[PDB]
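1. here is the sequence, then the experimental structure:
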Amino acid sequence: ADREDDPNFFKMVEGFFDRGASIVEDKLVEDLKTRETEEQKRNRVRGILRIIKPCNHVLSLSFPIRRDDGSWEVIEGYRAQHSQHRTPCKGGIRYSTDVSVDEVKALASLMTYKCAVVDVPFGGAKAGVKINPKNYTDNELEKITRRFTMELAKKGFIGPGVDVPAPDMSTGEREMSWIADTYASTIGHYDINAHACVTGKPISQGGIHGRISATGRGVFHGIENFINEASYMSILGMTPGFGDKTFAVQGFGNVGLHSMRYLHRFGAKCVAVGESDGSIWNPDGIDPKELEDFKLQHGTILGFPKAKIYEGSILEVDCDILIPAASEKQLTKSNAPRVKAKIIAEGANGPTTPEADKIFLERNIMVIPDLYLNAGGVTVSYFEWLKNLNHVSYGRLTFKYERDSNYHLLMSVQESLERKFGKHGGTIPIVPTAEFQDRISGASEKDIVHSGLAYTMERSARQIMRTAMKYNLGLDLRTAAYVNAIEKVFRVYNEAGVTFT
Amino acid sequence: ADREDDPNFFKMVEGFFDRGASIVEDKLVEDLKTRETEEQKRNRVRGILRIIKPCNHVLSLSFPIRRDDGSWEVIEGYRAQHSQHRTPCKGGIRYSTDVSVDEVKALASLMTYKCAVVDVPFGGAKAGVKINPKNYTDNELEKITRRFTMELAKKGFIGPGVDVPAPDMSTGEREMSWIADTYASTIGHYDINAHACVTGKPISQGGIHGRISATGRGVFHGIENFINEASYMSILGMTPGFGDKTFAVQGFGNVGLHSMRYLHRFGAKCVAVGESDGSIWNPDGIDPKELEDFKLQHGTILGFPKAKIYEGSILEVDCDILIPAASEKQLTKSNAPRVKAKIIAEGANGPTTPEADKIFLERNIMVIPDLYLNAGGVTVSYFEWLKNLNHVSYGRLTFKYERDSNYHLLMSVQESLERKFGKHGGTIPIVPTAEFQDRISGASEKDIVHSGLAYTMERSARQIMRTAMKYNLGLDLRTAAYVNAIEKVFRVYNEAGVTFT
Amino acid sequence: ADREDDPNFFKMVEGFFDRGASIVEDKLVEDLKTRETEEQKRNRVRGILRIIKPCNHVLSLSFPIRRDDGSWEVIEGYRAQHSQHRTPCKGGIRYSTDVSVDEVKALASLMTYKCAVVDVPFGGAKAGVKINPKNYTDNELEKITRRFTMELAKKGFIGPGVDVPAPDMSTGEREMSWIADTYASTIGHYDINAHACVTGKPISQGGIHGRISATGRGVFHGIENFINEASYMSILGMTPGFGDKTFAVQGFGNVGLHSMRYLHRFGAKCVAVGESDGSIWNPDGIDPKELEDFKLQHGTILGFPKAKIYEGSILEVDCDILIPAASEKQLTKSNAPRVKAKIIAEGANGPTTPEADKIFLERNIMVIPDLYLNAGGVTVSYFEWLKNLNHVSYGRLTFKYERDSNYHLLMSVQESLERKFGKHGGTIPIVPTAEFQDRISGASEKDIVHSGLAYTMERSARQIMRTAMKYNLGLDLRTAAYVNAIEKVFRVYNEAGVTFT
Ligand SMILES: NC(=O)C1=CN([C@@H]2O[C@H](COP(=O)(O)OP(=O)(O)OC[C@H]3O[C@@H](n4cnc5c(N)ncnc54)[C@H](O)[C@@H]3O)[C@@H](O)[C@H]2O)C=CC1
Ligand SMILES: NC(=O)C1=CN([C@@H]2O[C@H](COP(=O)(O)OP(=O)(O)OC[C@H]3O[C@@H](n4cnc5c(N)ncnc54)[C@H](O)[C@@H]3O)[C@@H](O)[C@H]2O)C=CC1
Ligand SMILES: NC(=O)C1=CN([C@@H]2O[C@H](COP(=O)(O)OP(=O)(O)OC[C@H]3O[C@@H](n4cnc5c(N)ncnc54)[C@H](O)[C@@H]3O)[C@@H](O)[C@H]2O)C=CC1
Ligand SMILES: NC(=O)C1=CN([C@@H]2O[C@H](COP(=O)(O)OP(=O)(O)OC[C@H]3O[C@@H](n4cnc5c(N)ncnc54)[C@H](O)[C@@H]3O)[C@@H](O)[C@H]2O)C=CC1
Ligand SMILES: NC(=O)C1=CN([C@@H]2O[C@H](COP(=O)(O)OP(=O)(O)OC[C@H]3O[C@@H](n4cnc5c(N)ncnc54)[C@H](O)[C@@H]3O)[C@@H](O)[C@H]2O)C=CC1
Ligand SMILES: NC(=O)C1=CN([C@@H]2O[C@H](COP(=O)(O)OP(=O)(O)OC[C@H]3O[C@@H](n4cnc5c(N)ncnc54)[C@H](O)[C@@H]3O)[C@@H](O)[C@H]2O)C=CC1
Ligand SMILES: Nc1nc2c(ncn2[C@@H]2O[C@H](COP(=O)(O)OP(=O)(O)OP(=O)(O)O)[C@@H](O)[C@H]2O)c(=O)[nH]1
Ligand SMILES: Nc1nc2c(ncn2[C@@H]2O[C@H](COP(=O)(O)OP(=O)(O)OP(=O)(O)O)[C@@H](O)[C@H]2O)c(=O)[nH]1
Ligand SMILES: Nc1nc2c(ncn2[C@@H]2O[C@H](COP(=O)(O)OP(=O)(O)OP(=O)(O)O)[C@@H](O)[C@H]2O)c(=O)[nH]1
Ligand SMILES: N[C@@H](CCC(=O)O)C(=O)O
Ligand SMILES: N[C@@H](CCC(=O)O)C(=O)O
Ligand SMILES: N[C@@H](CCC(=O)O)C(=O)O
């Protein structure tokens, strides 16, 4: 998208890592309380850091499918497993003609660090199939997905205990259903956990409430934790809260649409929505329900009645918050000086080059990094995986017990008070509030997903802020996130003896 | 038992399914939001329904055992796995000379729909060994059970992740213990979940509190949910409640005895008990403890001192509630007109022919169907399976923490009140009621089984009633149950792409 | 095909077995060198024989396929494994709407006894899929075959070490190629012997020279061994040899066509060819090349220019040798009195009922039984299986060495003679005959198949003749074959301890 500043994607992520490694290297050496206090301490710390960076296993595939017209075609595919310091590996499947070994390796490493940031016990992985799904029938896409699943399974690149895929660009519920069905019907036929081989499944198939919207929901929570922190909003020259703010959204897919829904719900105003074919704009606000309904009907956002076909880059629209939610390397050395927003919330994976990060720093623009902000997807995938391993819906064993227990608890307060203020205090009814009445039976699956996600995004934001203050990083939240990720992954490699050697 | 009306058991169940299918076919088509809205929608729906009905896998066995006298004998066995839209498969093992491929296939399909009715995530299965256990020593029954287990295991028809058996007619705790022991000692020696290969185990071997009586306990809860619904008792010309009612029980086994115990406990009167050799009768009431104690002593029901040997069919005894709890196809065209009970509670599997269902409908007789009413067995088997997968007894990690937490909670109310009503109010002791003092530590295994079962039977009864109302089915509860079952199973097949094809 | 005499196929084969059992029971008892010479001996022999008759494992399947027009259809399938006294099991796959559990069990048991007759170390098995293949496109038949393979593999009913299928009615090279490809590409991906999971493969995929024509070639060898034995030809009143004889063939498939080719090659005259739509007749002879070429061109036998459309049963055509090579139970008590032929060579499996056998005995008609006569198919399948296990083509390692060795051997005779008869004898060239020059390099795959088959059919014929004289069975060759089969299978069960009970 830019021939001036177009770094190799894997190496760009390695650069981000190098930078966080630079900052913590002292802390790692000093923690290390080995008798070698000689600066082979320094040496073993940077030997371990070199082990963490490259992907351990990458599988490249070519397999034939026969198209609906009868033609034979060769499909190309890839899956990278970056780290196995936690198992299984976790990461999505991308259907796109931009798929390549380097793109997949880069996203696989992002998954490792992202999972470490939100304390999700998975190593990183990613897959890609180099096709444009719009050029294939549904029957052909099913054939490609099912065959890809078996080629991965034959070589140990999918399974509930090694590698658990998930949706990404141009895949969703539908593909995940296909993956889970052919895994469970063949190699997983005797495995009690066969349907935990993949997440993002439909509900009828072991999916979890809110997985489709989960990463949008997490984008809201990530922004909210920082947009409500007066210390960061001072440096930006902006007022805490959502009620008065504007935002623009690049990409109207699963991440972009649901980020818009939740931000709109809490008083922000969507001004611009950009897509693969063009952009639309309205300074008075775009309604997400109307835009979705139009998009579902016409297969495009152009021509939306209540906004005007906007020319020029969606990334340079004037707004408070820019949400790049499409592909990677969209903000570069070129357009970074014209961005006009004061908060960049990366919903997409790797939308900002390192050169663009430098410009944004100089310019007091806050980039909330992908490592943290889009990790709501993998957090709720983690909940889905646990739901599959546990083989019950949350609360089903305890709803009645817990309901009865709570009423007897409140009755214990009632009877204790009547016992004391006897006859002429009268009857002293203790009853639930409206809000407690609605929790009287304990959490359900929906409650766990919402509160578990909010808990994770908040706990992770505080850890990033703590680390940024400690090292005087200002608005370089990306380096603070990598610092936390590196510290966690380093400790695992260090206390494990590294490897089987 | 009746030459007039003796339909093929598997097809009889298919008939029940066809009825429910015909009622919901419209709702399925409408619901289906696909691009080809012709009756090619109606074609896809009927094609899926044809896939659901037949059993996917049936295994037939012949194996030799050498009897205690030294002779060789050939034993015949069968296990059917009806559906794998949920895994594992679940279903009991029947030892009987009436066992056949068709009987086993019929019961396997009943397990699928039954599990869907109570939201238990298992596909249906069933097994049968064609012997009369009364003609074999305990030593021979152990050798038959252990060998049957190995022949099933070799071909993938038992295992914690494919197929989990359970007791049925003429098997119980003892056979399940044998099954679990030879599975875990051979093929399952390395499997962390080996003891979840079968349910209905003794407590000492991974069984769960109340499994033996669970299906009787569920029969009580199923009746109660309908006997307390004035709308249904109006149509019957009856008074809500148990305190004034009579019932008769065909079959004094695991289902019959415990149904009697719980109904007797809540004020119903047992008037008649029928059994393979004869019946007994007493309009003043039969007490279940005395009857069981007699039966344990003498091996039969007849000659019970405190009732008289009744001649003529147990099914035509005069009572309010008839509980067939023996074999299948007991109520037919023939004796349906002479039933003289107003509620038929099927504890057994398939005790009523479709012709007998017609007659009962015309005479405003309520048949509470097997699909729903005897599903307490599989519900508590499900709890046992989860207990095995979790490897802790319920509450053991939390009893102390929870009890301490509750006392500090009540102290928080106490100190807050004293802090306000100073010593101008004295000491204000907040203490548990007797009821809450029992629950101060949280649920135990017994509590979860009792309240989890009650929760399931209630929630399922409400879904059946809501569906019968919505389609104007009156007292045809069987068709309402199948409607619920079909809708649930259809959605799974639909959103899975049907099969790897 | 005949209401009068249409016995249950499984029990008909059990009748044949009972009959041979009756004749050898004494010989088994006195061989038995145990010292409880009581009529315990008596009793264990009869107990073992009842263990041998029933099938040990039968799997019944239902699976959905989506047809080319888009509709869903449920396919029904069966595989029976009769005995595992030798492993793997061996038997063909039949595509036919007459397929049934009893048909498959019957053919599976025939495979056990057939394999014992020709000393092929396999237990018996058989499979059937209930479809008519001409009502399906090639694409549909491929999906049905591939899916059937996976359903069998999941449950242990196909594999190089348990069960090795092969072609039968309406399957051939094509289907076997599909079976081998999906087995080796999925469950067998790591198995060094994956391509020995099925026989009858095309040559390019591990097949062996002459498998398609093997069972026809064996029919010729079986007839020849008996048609050249003057003692049997006396009782028939006819002249040894082929040069003067006529035959008719019911069924022009893989067995029928190749039986015709080889008999025609050695001077017999084919008068009549019958098939599913009609028969053709010519007392001057039908040429198999021209008939096959016509059949390949028009898809039928009728209208063949050099014969006349014959009406009335092919089985009653007047000829010396009748070869039923279609389905089973074609000769019954009805048409047995009108057969006209002196020799009935059963190429097909079970074409003669026991009642028809009695009539043929009374009329001095020789029935060469299926157990022996069509076993050339399984014999060459056995060679194919061994070729797969050995992973070399026969002779490839030794052609050059053996060639060189033979020339040096002949040169040793030459030089020894010259040394002795010095110059007064000249040069004494020792060179191969034309026949030996063809064998100078040793056997190839083709040579082993031809001579290995001839060796097996001859050795088995003499064992049958020896046994028939021994017990004064005359022309009841079927009972002599079963006697040999039973003796061999009994010896294995006896010295194995029967089973692990
Ligand atoms: N799928 C998930 O759960 C998660 C996805 N992500 C990342 O979010 C990003 C996008 O989210 P997806 O779920 O893939 O959405 P999606 O694949 O459903 O839709 C992507 C949208 O972006 C549009 N698009 C593509 N290139 C564009 C361009 N140059 N300008 C404007 N629009 C463009 C497409 O037309 C489409 O509307 C990806 O980078 C993905 O890796 C991050 C976390 C979780
Ligand atoms: N084995 C499998 O293929 C699947 C297994 N599961 C397991 O079930 C556990 C619980 O999830 P749920 O409690 O189902 O969520 P849930 O109770 O919210 O169920 C959501 C949907 O599943 C339906 N459902 C329940 N039992 C069914 C049955 N026997 N047949 C068809 N549909 C049925 C419900 O009626 C509802 O429509 C999960 O932990 C997961 O491990 C879930 C889905 C598929
Ligand atoms: N075992 C379980 O948890 C469940 C059992 N069922 C069904 O309940 C029925 C029986 O319950 P079981 O557990 O098998 O109890 P059981 O097998 O321990 O006892 C059955 C009793 O019925 C008697 N009986 C047999 N044939 C009879 C006939 N023709 N008329 C009258 N009485 C007869 C027997 O003598 C025996 O006393 C079966 O249909 C079974 O499939 C259904 C759901 C759960
Ligand atoms: N691995 C196996 O073979 C068995 C495993 N279990 C597992 O244990 C889990 C929890 O069940 P429990 O804790 O047994 O229920 P529980 O704590 O209620 O105990 C049931 C009975 O087992 C006895 N018991 C406990 N530990 C024992 C030991 N080490 N040796 C002998 N007896 C002992 C207890 O005294 C009690 O009588 C279940 O999920 C089950 O799968 C249970 C029985 C056998
Ligand atoms: N294929 C093999 O290697 C062996 C086959 N067999 C048996 O030989 C018999 C047939 O040979 P296949 O290989 O099946 O050849 P095939 O199935 O390719 O041909 C069978 C022929 O018989 C004809 N046919 C079917 N029913 C008929 C009827 N009622 N009357 C006249 N013709 C009829 C068909 O039109 C076809 O021409 C079967 O019984 C099979 O079990 C026995 C040993 C080996
Ligand atoms: N693993 C597999 O899928 C297969 C394995 N084989 C193994 O080879 C053994 C002997 O059979 P062959 O030696 O093939 O019989 P063979 O030596 O008579 O050759 C049969 C044909 O295979 C061709 N062939 C040989 N090597 C080839 C290669 N690398 N790629 C493609 N075609 C090739 C030859 O040109 C020849 O036309 C079999 O018993 C089997 O173990 C044979 C066929 C398939
Ligand atoms: N695309 C889209 N998804 C929706 C819409 N409304 C609800 N959902 C999603 O459907 C799932 C179930 O929605 P609800 O039953 O309303 O429950 P919910 O979790 O409170 O919904 P939300 O708070 O909006 O996430 C959630 O993942 C929702 O985000 C919608 O209008 N459009
Ligand atoms: N056969 C038989 N079983 C009994 C009897 N009494 C209790 N049980 C069962 O034995 C188990 C132990 O009973 P309890 O210790 O009283 O526990 P419980 O769950 O309160 O028992 P119930 O309320 O009677 O179901 C439970 O499964 C009972 O259902 C009895 O008198 N005869
Ligand atoms: N269907 C059919 N098969 C043939 C014909 N001719 C040969 N075959 C078979 O095709 C294979 C190749 O034949 P050949 O190369 O001549 O080898 P062969 O061993 O001499 O074959 P035979 O003629 O049977 O002796 C062998 O299995 C033959 O049995 C034919 O005309 N029609
Ligand atoms: N593919 C998403 C989430 C992966 C998952 O849910 O496992 C990502 O890029 O983070
Ligand atoms: N066999 C019981 C259920 C067995 C089980 O608990 O799984 C029935 O017919 O439903
Ligand atoms: N299906 C053939 C042969 C099977 C095989 O080659 O194994 C038969 O009936 O004997």
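-> Alright, I've got the coordinates. Numbers count the residues shown, from 1 in each chain, chains lettered A, B, ... in the order given. Ligands and ions are numbered 1, 2, ... in the order given.
2. what segments of the stretch 301-450 of chain A are strands?
-> A:308-310, A:321-324, A:343-345, A:366-368 (DSSP state E, counting those that start in this stretch).
3. what's the most buried one of the ones you listed?
-> Comparing those by mean neighbour count (mean count of other C-beta atoms under 10 Å in any protein chain shown), strand A:321-324 ranks first with a mean of 28. Placement of C-beta: from N, CA and C, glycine included.
4. just to revisit the earlier point, now distance to ligand 11 too, for the strands of the stretch 301-450 of chain A, in JSON lines please.
-> JSON lines is the format used below for those (distance: least, C-beta to the nearest ligand atom, whole Å):
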{"stretch": "strand A:308-310", "distance to ligand 11": "62"}
{"stretch": "strand A:321-324", "distance to ligand 11": "51"}
{"stretch": "strand A:343-345", "distance to ligand 11": "51"}
{"stretch": "strand A:366-368", "distance to ligand 11": "51"}
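5. between those strands, which one is nearest to residue B:124?
-> Set against residue B:124 and scored by C-beta to C-beta, the strands of the stretch 301-450 of chain A come closest in strand A:321-324, at 48.0 Å.
6. what helices or strands is that closest one leaning on?
-> strand A:246-250, helix A:254-265, strand A:343-345 (3 or more C-beta pairs under 8 Å, 6 or more residues apart in numbering or on different chains; DSSP states H and E).
7. neighbours around the residue of the stretch 201-350 of chain A found nearest ligand 8, how many?
-> Nearest residue of the stretch 201-350 of chain A to ligand 8: residue A:206, at 32.5 Å (C-beta to the nearest ligand atom). Neighbour count of residue A:206, defined by other C-beta atoms under 10 Å in any protein chain shown: 24.
8. residues contacting it?
-> By C-beta atoms under 8 Å, 6 or more residues apart in numbering or on different chains, the contact set of residue A:206 is A:180, A:195-196, A:384, A:387-388.
9. what's the spacing between it and residue C:16?
-> 53 Å (C-beta to C-beta, to the nearest Å).
10. tell me the domain boundaries of chain A?
-> Domain ranges of chain A: A:1-56, A:57-205, A:206-500, per curated CATH domains.
11. next, the distance between the ends of the shortest one.
-> Okay, so that is domain A:1-56. Distance across domain A:1-56, first residue to last, is 30 Å (C-alpha to C-alpha, to the nearest Å).
12. repeat that for the last one.
-> For domain A:206-500, the first and last residues are 36 Å from each other (C-alpha to C-alpha).
13. same deal with stretch A:347-358?
-> 19 Å.
14. now do the buried residues in that stretch.
-> A:347-357 (16 or more other C-beta atoms under 10 Å in any protein chain shown).
15. ligand 6 contacts on the stretch 351-500 of chain A?
-> For the stretch 351-500 of chain A, no residue is in contact with ligand 6 (C-beta under 6 Å from any ligand atom).
16. how about the helices in the stretch 351-500 of chain A?
-> In the stretch 351-500 of chain A, the helices defined using DSSP state H, counting those that start in this stretch lie at A:354-362, A:370-373, A:376-390, A:399-420, A:434-437, A:445-470, A:477-495.
17. tell me the most buried of those?
-> Buried most deeply of the helices of the stretch 351-500 of chain A, by mean count of other C-beta under 10 Å, is helix A:370-373, with a mean of 29.
18. would it count as contacting ligand 1?
-> No - remark: helix A:370-373 sits outside contact range of ligand 1, by C-beta under 6 Å from any ligand atom, the gap being at least 7.2 Å.
19. returning to what we had before: which two from the contacts of residue A:206 end up farthest apart in space?
-> Greatest spatial distance among the contacts of residue A:206 (C-beta to C-beta): A:180 and A:387, at 13.4 Å.
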